[PDB]
Amino acid sequence: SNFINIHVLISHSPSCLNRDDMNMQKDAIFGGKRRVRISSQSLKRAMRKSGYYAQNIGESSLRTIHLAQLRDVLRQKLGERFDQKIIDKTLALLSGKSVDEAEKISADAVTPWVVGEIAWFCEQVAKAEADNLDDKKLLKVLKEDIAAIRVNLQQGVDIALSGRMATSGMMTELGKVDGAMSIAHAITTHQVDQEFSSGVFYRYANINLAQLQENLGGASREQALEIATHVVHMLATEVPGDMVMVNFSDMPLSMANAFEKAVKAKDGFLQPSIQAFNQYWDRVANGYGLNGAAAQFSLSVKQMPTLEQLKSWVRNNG
Amino acid sequence: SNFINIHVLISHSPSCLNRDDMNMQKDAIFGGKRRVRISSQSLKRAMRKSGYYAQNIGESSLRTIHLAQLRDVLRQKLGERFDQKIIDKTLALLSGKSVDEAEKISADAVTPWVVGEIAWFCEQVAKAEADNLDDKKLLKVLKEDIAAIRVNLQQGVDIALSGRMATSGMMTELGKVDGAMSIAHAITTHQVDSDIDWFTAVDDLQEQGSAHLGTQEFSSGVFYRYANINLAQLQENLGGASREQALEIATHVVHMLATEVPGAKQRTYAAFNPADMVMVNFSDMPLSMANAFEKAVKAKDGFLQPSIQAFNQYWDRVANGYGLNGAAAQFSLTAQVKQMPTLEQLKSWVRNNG
Amino acid sequence: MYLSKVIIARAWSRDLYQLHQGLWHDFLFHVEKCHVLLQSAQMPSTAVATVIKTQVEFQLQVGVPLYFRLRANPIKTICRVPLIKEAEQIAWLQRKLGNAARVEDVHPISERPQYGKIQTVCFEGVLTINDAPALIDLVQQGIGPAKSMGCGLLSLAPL
């Protein structure tokens, strides 16, 4: 199977998580009732900026629209390895914006950058320069091996996970990346307006294994399964400012509809949420005849003793 | 019993599955209230492009308006089979446009092409070339056996299901296809007040706020999906295929209608939900159930449960009031409706002609 | 004590300062929309302040969970400068609540400034009753400065 579905049932405070322009906690209507919400882009930045990410996956991506302070940074980082000329030409051709000594140069939009990837382009611009390669022809030569460019996204894995959009310059054909990870917005499983209870949020995400391999320049399934495990951890632990389920499938599957009918419980939401998740899962796998490799870690379908075991089970496929 | 009707209730988590030019969710007023909406052309292309389609039905049709690019694709795919001249002439005759070395050759409109169909024409053009048969007589004789042309649509079933329109070339006479499947716009069972996501784009290089701000509309909803298949028409559009073969196509469609979901904004909203109820019946006339939810369904422990109760309650009224019999089967996560515990069980019930 | 629903004719409800006068013709009020909730020691109707509906003294109990909402003016002093940090705001709230109740969960909404300036913050969440009579006095007296500017009124609701 090519899809690995991650089902996290984390539990914490429904307050002070994600704000809007009115500094209020984000929400959403589901099943006709209000749920506290944390946006998918909130989760993703929380992950790639966390220490766990830096320790297990690597360096995050430089996301900027200011190309003028950027052209400083690559000069002051690729100073030795490349000529000051080439280091500017590369950025210009890449973004389409003619580079200058301007201190104000803006791209079309905020795009993630990878220093390693840019350093690679310089090498090709270098061979261009020496062998004379009129940029139009150079573009053709580079179009032949996108895979030899996607490899440099091992430096910027968050890109390969969440994709990149480009509408200007040479990045239009060479830089377009379709994200390998699809992630839902985290929502509570219950109505947020009996005893006081913490919030129980359902989180969902999946990873297109083949796409992730492709986005990394043809990495092995083992390498992709590794990144997948790190994602499972971050999605199950990290909180902006319990129960984990993982299954393999040919087509993505969310369990959000388990909580379509909001969970009601006079003294604690986690336990009926887990039951609701289990009840729905049984009905879906039965009705749609799904037999993919599944594994569930829960202290209350191969059960797992800890998160780390599940985290290792995933790394061994099923 | 020429018509097989497909009824689907499918609940989605917060998402934006189909939007317009303002990046806002498509909607529709029904029963006097706003319903979130997925266009029928969005569903069809989602199915057309799906992995399930490519492995259970086959390769989808090539839909283009750029005949210069299509010329190169044909010169490559059929280059080892026909002479370049045969390929060009055949494209010129079918499209009504002149196919030369021009960098840009445009058709009248976007047209669904089948490489297998084109190849079949290339053979007739080749033979007519040898018999010194001019293009007028060639068109005159090809018009005599349309069924022999429609056989090639087995390599482009999306055309046989959704039809084709032509206004130039021989396709005006030879390629006019009336779709076998009629599909509705997906409409939510209930009134929806859409939510808004205040998003932001943190520049890692800006000391100020984010480099970009903005909003995005989204919501959840219990959608009703409707479609039906004209079996006689499907058999016809495939060159005279069997009733059994047509039923096979139908069951694939039944599957996808309960399974396939548009990929729009799913990378960031991930509403990969399967259907929660599938209903199929055979009839002499197509019958939609959308009026079950004309009065918008109010939430009572969710929208899904009362939606299905609305669907079943109305289904019973229509069947009684109009004396509506005919094989009927339902699969959910009226005594005439055989309950199916499994989708696969339901699908085989359809292959077995109800 | 009297709980009321009061409407103050738009003519009166032009500036914040004008608000307390109309109701006066102390007590506690919070703007809902001018729509206003009125907690008063006496039963509240002028042509400038119409009364939609009005009496309560709660039984309460110890160790009972309750929803709560409160506008307030959390400030420091070196002039009364606002407390903007989320940590400072939540710490401020539990402090001024003293030993009346503990803050189980709360969301501080940094409201838009009102007009000297008054930076109001609406605290919404859930409490559990620690000191029952000390909670009442806190309600009947209000919480924080700028109490006449709509701030200070603690609203309570069961679950």
# chains A, B, ... in the order shown; residues from 1 in each chain; ligands from 1
call {"tool": "residues_around", "arguments": {"residues": "residue 111 in chain C", "least_positions_apart": "4", "cutoff": "7 Å", "atoms": "only C-alpha atoms", "output": "mmCIF file with N, CA, C and O atoms, in the first residue's frame"}}
result
data_model
loop_
_atom_site.group_PDB
_atom_site.id
_atom_site.type_symbol
_atom_site.label_atom_id
_atom_site.label_comp_id
_atom_site.auth_asym_id
_atom_site.auth_seq_id
_atom_site.Cartn_x
_atom_site.Cartn_y
_atom_site.Cartn_z
ATOM 1 N N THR C 120 -9.293 46.951 27.120
ATOM 2 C CA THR C 120 -10.080 45.904 27.754
ATOM 3 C C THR C 120 -9.684 44.515 27.263
ATOM 4 O O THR C 120 -9.250 44.347 26.125
ATOM 5 N N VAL C 121 -9.831 43.526 28.140
ATOM 6 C CA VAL C 121 -9.550 42.136 27.802
ATOM 7 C C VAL C 121 -10.655 41.240 28.347
ATOM 8 O O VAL C 121 -10.949 41.259 29.541
ATOM 9 N N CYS C 122 -11.275 40.461 27.471
ATOM 10 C CA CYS C 122 -12.377 39.607 27.886
ATOM 11 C C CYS C 122 -11.889 38.197 28.191
ATOM 12 O O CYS C 122 -11.428 37.482 27.302
#
call {"tool": "interface_residues", "arguments": {"of": "chain B", "to": "chain A", "cutoff": "8 Å", "atoms": "only C-alpha atoms", "output": "PyMOL selection string"}}
result
chain B and resi 11-14+195+197-199+201-206+211-212+219-221+266-274+299+301-304+333+341-344
call {"tool": "select_by_dssp", "arguments": {"residues": "range 124-298 of chain A", "states": "strand (DSSP E or B)", "output": "number ranges by chain"}}
result
A: 164, 177, 181-183, 186-188, 199-208, 243-249, 294-298
call {"tool": "write_last_selection", "arguments": {"atoms": "C-alpha atoms", "output": "mmCIF file, in the first residue's frame"}}
result
data_model
loop_
_atom_site.group_PDB
_atom_site.id
_atom_site.type_symbol
_atom_site.label_atom_id
_atom_site.label_comp_id
_atom_site.auth_asym_id
_atom_site.auth_seq_id
_atom_site.Cartn_x
_atom_site.Cartn_y
_atom_site.Cartn_z
ATOM 1 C CA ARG A 164 5.917 24.594 -3.150
ATOM 2 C CA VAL A 177 6.568 20.515 -5.825
ATOM 3 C CA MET A 181 1.692 15.020 3.270
ATOM 4 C CA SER A 182 -2.009 15.794 3.489
ATOM 5 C CA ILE A 183 -3.026 17.092 6.905
ATOM 6 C CA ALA A 186 -7.341 19.616 14.211
ATOM 7 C CA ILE A 187 -10.833 19.724 15.712
ATOM 8 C CA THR A 188 -12.376 18.633 19.006
ATOM 9 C CA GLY A 199 -10.413 19.107 25.240
ATOM 10 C CA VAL A 200 -9.971 16.018 23.081
ATOM 11 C CA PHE A 201 -8.745 16.882 19.594
ATOM 12 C CA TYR A 202 -8.792 14.574 16.594
ATOM 13 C CA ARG A 203 -5.813 15.009 14.301
ATOM 14 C CA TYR A 204 -5.472 13.397 10.897
ATOM 15 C CA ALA A 205 -2.673 13.254 8.365
ATOM 16 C CA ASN A 206 -1.385 10.918 5.690
ATOM 17 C CA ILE A 207 1.734 10.594 3.582
ATOM 18 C CA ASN A 208 1.977 9.678 -0.077
ATOM 19 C CA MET A 243 -4.401 7.405 21.322
ATOM 20 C CA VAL A 244 -2.586 6.859 18.048
ATOM 21 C CA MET A 245 -3.699 4.726 15.125
ATOM 22 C CA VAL A 246 -1.734 4.060 11.940
ATOM 23 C CA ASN A 247 -2.864 2.115 8.886
ATOM 24 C CA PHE A 248 -1.654 1.429 5.363
ATOM 25 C CA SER A 249 -4.054 1.764 2.454
ATOM 26 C CA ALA A 294 -3.063 -1.360 10.982
ATOM 27 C CA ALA A 295 -1.695 -0.727 14.488
ATOM 28 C CA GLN A 296 -3.144 1.062 17.509
ATOM 29 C CA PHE A 297 -1.496 2.389 20.660
ATOM 30 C CA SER A 298 -4.040 3.047 23.400
#
call {"tool": "interface_residues", "arguments": {"of": "chain A", "to": "chain C", "cutoff": "6 Å", "atoms": "only C-alpha atoms", "output": "PyMOL selection string"}}
result
chain A and resi 15-16+23-24
call {"tool": "write_last_selection", "arguments": {"atoms": "N, CA, C and O atoms", "output": "short mmCIF file (atom, residue, chain, number, x, y, z; two decimals), in the first residue's frame"}}
result
data_model
loop_
_atom_site.label_atom_id
_atom_site.label_comp_id
_atom_site.auth_asym_id
_atom_site.auth_seq_id
_atom_site.Cartn_x
_atom_site.Cartn_y
_atom_site.Cartn_z
N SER A 15 -8.10 26.15 24.83
CA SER A 15 -7.87 27.59 24.82
C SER A 15 -6.44 27.93 24.43
O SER A 15 -5.55 27.09 24.52
N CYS A 16 -6.24 29.16 23.98
CA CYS A 16 -4.92 29.72 23.72
C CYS A 16 -4.11 28.94 22.69
O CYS A 16 -2.88 29.00 22.68
N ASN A 23 -8.15 37.92 17.52
CA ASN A 23 -7.50 37.29 18.68
C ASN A 23 -8.39 36.31 19.41
O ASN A 23 -8.25 36.11 20.61
N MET A 24 -9.32 35.69 18.69
CA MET A 24 -10.17 34.67 19.28
C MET A 24 -9.73 33.28 18.84
O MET A 24 -9.10 33.13 17.79
#
call {"tool": "residues_around", "arguments": {"residues": "residue 192 in chain A", "least_positions_apart": "6", "cutoff": "7 Å", "atoms": "only C-alpha atoms", "output": "short mmCIF file (atom, residue, chain, number, x, y, z; two decimals) with N, CA and C atoms, in the first residue's frame"}}
result
data_model
loop_
_atom_site.label_atom_id
_atom_site.label_comp_id
_atom_site.auth_asym_id
_atom_site.auth_seq_id
_atom_site.Cartn_x
_atom_site.Cartn_y
_atom_site.Cartn_z
N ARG A 34 -20.24 23.43 17.43
CA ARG A 34 -18.96 24.12 17.37
C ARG A 34 -17.84 23.25 17.92
N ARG A 35 -16.71 23.26 17.22
CA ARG A 35 -15.52 22.56 17.67
C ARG A 35 -14.37 23.54 17.70
N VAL A 36 -13.50 23.43 18.70
CA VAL A 36 -12.30 24.25 18.74
C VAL A 36 -11.35 23.72 17.67
#
call {"tool": "atom_distance", "arguments": {"atom1": "CA of residue 27 in chain B", "atom2": "CA of residue 192 in chain B"}}
result
9.2 Å
call {"tool": "residues_around", "arguments": {"residues": "residue 7 in chain B", "least_positions_apart": "3", "cutoff": "12 Å", "atoms": "only C-alpha atoms", "output": "ChimeraX atom specification"}}
result
/B:4,10,183-184,186,223-228,253-255,257-258,275-282,286-290,292,308,311-312,315,328-332
call {"tool": "closest_residue", "arguments": {"among": "B:296, B:230, B:252, B:283", "to": "residue 55 in chain B", "atoms": "only C-alpha atoms"}}
result
B:252
call {"tool": "residues_around", "arguments": {"residues": "range 7-9 of chain C", "least_positions_apart": "4", "cutoff": "6 Å", "atoms": "only C-alpha atoms", "output": "PyMOL selection string"}}
result
chain C and resi 34-35+48-50
call {"tool": "atom_distance", "arguments": {"atom1": "CA of residue 213 in chain A", "atom2": "CA of residue 262 in chain B"}}
result
23.5 Å
call {"tool": "select_by_dssp", "arguments": {"residues": "range 2-209 of chain B", "states": "helix (DSSP H, G or I)", "output": "number ranges by chain"}}
result
B: 40-48, 51-56, 67-77, 84-95, 115-130, 135-142, 147-155, 157-162, 171-174
call {"tool": "atom_distance", "arguments": {"atom1": "CA of residue 120 in chain B", "atom2": "CA of residue 64 in chain B"}}
result
19.3 Å
call {"tool": "closest_residue", "arguments": {"among": "C:77, C:85, C:136, C:43", "to": "residue 24 in chain C", "atoms": "only C-alpha atoms"}}
result
C:43
call {"tool": "residues_around", "arguments": {"residues": "residue 173 in chain B", "least_positions_apart": "5", "cutoff": "10 Å", "atoms": "only C-alpha atoms", "output": "PDB file with N, CA, C and O atoms, in the first residue's frame"}}
result
ATOM      1  N   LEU B  94     -10.753  14.865 -39.060  1.00  0.00           N
ATOM      2  CA  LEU B  94     -11.588  14.758 -37.871  1.00  0.00           C
ATOM      3  C   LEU B  94     -11.852  16.113 -37.226  1.00  0.00           C
ATOM      4  O   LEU B  94     -12.948  16.375 -36.742  1.00  0.00           O
ATOM      5  N   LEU B 139     -16.373  10.018 -45.997  1.00  0.00           N
ATOM      6  CA  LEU B 139     -17.283  10.449 -44.945  1.00  0.00           C
ATOM      7  C   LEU B 139     -18.659   9.829 -45.136  1.00  0.00           C
ATOM      8  O   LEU B 139     -19.343   9.496 -44.171  1.00  0.00           O
ATOM      9  N   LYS B 140     -19.057   9.675 -46.394  1.00  0.00           N
ATOM     10  CA  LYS B 140     -20.369   9.138 -46.719  1.00  0.00           C
ATOM     11  C   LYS B 140     -20.491   7.677 -46.309  1.00  0.00           C
ATOM     12  O   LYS B 140     -21.542   7.241 -45.844  1.00  0.00           O
ATOM     13  N   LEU B 142     -18.369   6.042 -44.063  1.00  0.00           N
ATOM     14  CA  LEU B 142     -18.097   5.868 -42.639  1.00  0.00           C
ATOM     15  C   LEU B 142     -19.346   6.143 -41.819  1.00  0.00           C
ATOM     16  O   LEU B 142     -19.523   5.595 -40.733  1.00  0.00           O
ATOM     17  N   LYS B 143     -20.218   6.985 -42.358  1.00  0.00           N
ATOM     18  CA  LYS B 143     -21.443   7.371 -41.678  1.00  0.00           C
ATOM     19  C   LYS B 143     -22.441   6.215 -41.646  1.00  0.00           C
ATOM     20  O   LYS B 143     -23.426   6.249 -40.913  1.00  0.00           O
ATOM     21  N   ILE B 146     -21.839   3.553 -37.661  1.00  0.00           N
ATOM     22  CA  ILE B 146     -21.436   4.320 -36.492  1.00  0.00           C
ATOM     23  C   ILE B 146     -21.018   3.386 -35.362  1.00  0.00           C
ATOM     24  O   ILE B 146     -20.075   3.671 -34.627  1.00  0.00           O
ATOM     25  N   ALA B 166     -19.203  18.118 -31.075  1.00  0.00           N
ATOM     26  CA  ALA B 166     -18.315  18.515 -32.163  1.00  0.00           C
ATOM     27  C   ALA B 166     -18.986  19.535 -33.077  1.00  0.00           C
ATOM     28  O   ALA B 166     -20.200  19.507 -33.261  1.00  0.00           O
ATOM     29  N   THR B 167     -18.194  20.442 -33.638  1.00  0.00           N
ATOM     30  CA  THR B 167     -18.729  21.488 -34.499  1.00  0.00           C
ATOM     31  C   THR B 167     -17.907  21.647 -35.772  1.00  0.00           C
ATOM     32  O   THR B 167     -18.197  22.508 -36.598  1.00  0.00           O
ATOM     33  N   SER B 168     -16.878  20.823 -35.927  1.00  0.00           N
ATOM     34  CA  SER B 168     -16.035  20.884 -37.116  1.00  0.00           C
ATOM     35  C   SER B 168     -15.448  19.524 -37.466  1.00  0.00           C
ATOM     36  O   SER B 168     -15.338  18.648 -36.613  1.00  0.00           O
TER      37      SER B 168
END
call {"tool": "residues_around", "arguments": {"residues": "range 95-101 of chain B", "least_positions_apart": "2", "cutoff": "7 Å", "atoms": "only C-alpha atoms", "output": "ChimeraX atom specification"}}
result
/B:88,91-93,103,107,168-171
call {"tool": "write_last_selection", "arguments": {"atoms": "C-alpha atoms", "output": "PDB file, in the first residue's frame"}}
result
ATOM      1  CA  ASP B  88      -1.899  14.300 -40.114  1.00  0.00           C
ATOM      2  CA  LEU B  91      -6.353  14.582 -37.637  1.00  0.00           C
ATOM      3  CA  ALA B  92      -7.170  17.203 -40.269  1.00  0.00           C
ATOM      4  CA  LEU B  93     -10.288  15.346 -41.390  1.00  0.00           C
ATOM      5  CA  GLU B 103       3.454  25.905 -33.716  1.00  0.00           C
ATOM      6  CA  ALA B 107      -9.598  23.521 -32.545  1.00  0.00           C
ATOM      7  CA  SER B 168     -16.035  20.884 -37.116  1.00  0.00           C
ATOM      8  CA  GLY B 169     -14.516  18.112 -39.213  1.00  0.00           C
ATOM      9  CA  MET B 170     -16.011  14.652 -39.601  1.00  0.00           C
ATOM     10  CA  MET B 171     -16.598  14.525 -35.846  1.00  0.00           C
TER      11      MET B 171
END
call {"tool": "decode", "arguments": {"residues": "range 89-111 of chain B", "atoms": "N, CA and C atoms", "output": "short mmCIF file (atom, residue, chain, number, x, y, z; two decimals), in the first residue's frame"}}
result
data_model
loop_
_atom_site.label_atom_id
_atom_site.label_comp_id
_atom_site.auth_asym_id
_atom_site.auth_seq_id
_atom_site.Cartn_x
_atom_site.Cartn_y
_atom_site.Cartn_z
N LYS B 89 -3.38 13.78 -41.96
CA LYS B 89 -4.62 13.84 -42.72
C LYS B 89 -5.80 13.42 -41.85
N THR B 90 -5.62 12.34 -41.10
CA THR B 90 -6.67 11.83 -40.24
C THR B 90 -7.07 12.86 -39.18
N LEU B 91 -6.08 13.55 -38.62
CA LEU B 91 -6.35 14.58 -37.64
C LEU B 91 -7.03 15.78 -38.30
N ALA B 92 -6.59 16.10 -39.51
CA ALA B 92 -7.17 17.20 -40.27
C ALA B 92 -8.62 16.93 -40.64
N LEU B 93 -8.93 15.69 -41.00
CA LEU B 93 -10.29 15.35 -41.39
C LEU B 93 -11.23 15.36 -40.20
N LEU B 94 -10.75 14.86 -39.06
CA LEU B 94 -11.59 14.76 -37.87
C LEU B 94 -11.85 16.11 -37.23
N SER B 95 -10.84 16.97 -37.22
CA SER B 95 -10.93 18.26 -36.55
C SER B 95 -11.47 19.35 -37.47
N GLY B 96 -11.26 19.18 -38.77
CA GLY B 96 -11.67 20.17 -39.74
C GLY B 96 -10.65 21.27 -39.88
N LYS B 97 -9.52 21.12 -39.20
CA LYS B 97 -8.46 22.11 -39.25
C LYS B 97 -7.27 21.59 -40.04
N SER B 98 -6.45 22.51 -40.55
CA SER B 98 -5.29 22.14 -41.34
C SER B 98 -4.12 21.81 -40.42
N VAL B 99 -3.57 20.60 -40.55
CA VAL B 99 -2.48 20.18 -39.68
C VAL B 99 -1.13 20.21 -40.41
N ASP B 100 -0.38 21.29 -40.20
CA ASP B 100 0.95 21.43 -40.79
C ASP B 100 2.03 21.51 -39.71
N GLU B 101 3.11 22.23 -40.00
CA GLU B 101 4.20 22.37 -39.03
C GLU B 101 3.99 23.53 -38.07
N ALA B 102 2.83 24.16 -38.15
CA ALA B 102 2.53 25.35 -37.36
C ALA B 102 2.66 25.09 -35.86
N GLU B 103 3.24 26.05 -35.15
CA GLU B 103 3.45 25.91 -33.72
C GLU B 103 2.13 25.97 -32.96
N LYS B 104 1.14 26.60 -33.57
CA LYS B 104 -0.16 26.73 -32.92
C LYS B 104 -1.29 26.43 -33.87
N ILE B 105 -1.99 25.33 -33.60
CA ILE B 105 -3.19 24.99 -34.34
C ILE B 105 -4.31 24.72 -33.36
N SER B 106 -5.30 25.60 -33.33
CA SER B 106 -6.37 25.49 -32.36
C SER B 106 -7.63 24.88 -32.95
N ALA B 107 -8.30 24.06 -32.16
CA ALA B 107 -9.60 23.52 -32.55
C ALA B 107 -10.67 24.55 -32.22
N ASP B 108 -11.93 24.22 -32.50
CA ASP B 108 -13.02 25.12 -32.17
C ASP B 108 -13.15 25.24 -30.65
N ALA B 109 -13.19 24.09 -29.99
CA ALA B 109 -13.35 24.02 -28.55
C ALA B 109 -12.59 22.84 -27.97
N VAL B 110 -12.60 22.71 -26.65
CA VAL B 110 -12.00 21.55 -26.00
C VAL B 110 -12.75 20.29 -26.41
N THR B 111 -12.01 19.32 -26.94
CA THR B 111 -12.61 18.11 -27.47
C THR B 111 -11.98 16.88 -26.84
#
